[PDB]
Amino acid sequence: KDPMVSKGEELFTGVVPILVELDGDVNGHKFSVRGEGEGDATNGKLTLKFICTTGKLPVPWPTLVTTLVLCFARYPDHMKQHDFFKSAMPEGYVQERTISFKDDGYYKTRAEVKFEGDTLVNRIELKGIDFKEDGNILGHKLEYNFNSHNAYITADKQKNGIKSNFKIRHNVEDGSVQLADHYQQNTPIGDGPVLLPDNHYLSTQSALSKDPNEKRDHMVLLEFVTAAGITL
């Protein structure tokens, strides 16, 4: 549509720098997180490092993974017309969630995902309400790991966007599982050629690690995201 200005999926054919900034308030504990790295949508790959820039993170790092850039999913060639996330770029989209932790509190998140220059930027405000002081979150009882999940995507025609409902399973240190029910909405910031997809899902795998030379509270993240569910 413009051979002289890359738009939509054309912005993601190579390796793209990423900046993430989150400011959070959980039960009145206010904190900030900054992440940086790169995305390789051709391979569905994210490599990021996140630092809590205010001190110790008052919630477990795994509980923030889904909040801390689905435009880097690898959509198969026969599914490219269903990629809402890239089609909104560079102007971007708003991603909102409520995440309810079973038998504990909830997060509300609002984020803008858009290009700032050559960098894909995810800026987030997070509010956490009703957490138990001796629960798995404020008590830091969740294992430092992450399971693989599927997130089913459906069009939200009235808002020209998409929705998603899915449950994250967080391993607890006692061998139990802590469910985190995600209600997600995405709406474009602009109004260009936005693609409203047929039903499909995103398959996601994550690996968490530590940087042995990093003094600050932090999370190193490798993540893969791949679209599926429509037949060739």
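Numbers for residues come from their place in the sequence shown, where the first is 1.
- The modelled chain breaks after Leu68 and resumes at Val69, leaving 1 to 3 residues of the deposited sequence without coordinates.
- The PDB entry reports B-factors from which the mean C-alpha value can be compared for 211-219 and 15-23; the larger average falls on 211-219.
- For the pair 157-165 and 139-147, the mean Cα B-factor is higher in 157-165.
- When the C-alpha B-factors of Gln205, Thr53, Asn199, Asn186 are ranked from the entry, the top spot goes to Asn199.
- Across the options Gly37, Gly192, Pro58, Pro62, the residue with the most elevated CA B-factor in the record is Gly192.
- Annotation for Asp103: C-alpha temperature factor in the lowest third relative to the rest of the modelled chain, per the entry.
- Remark: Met79 belongs to the highest third of its chain, ranked by C-alpha B-factor as recorded.
- Ranked within its chain, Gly117 lands in the highest third, by CA B factor from the PDB record.
- When the modelled residues of the chain are ordered by C-alpha B-factor, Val177 sits in the highest third.
- Among the modelled residues of its chain, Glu125 has a C-alpha B-factor that falls in the lowest third according to the deposited record.
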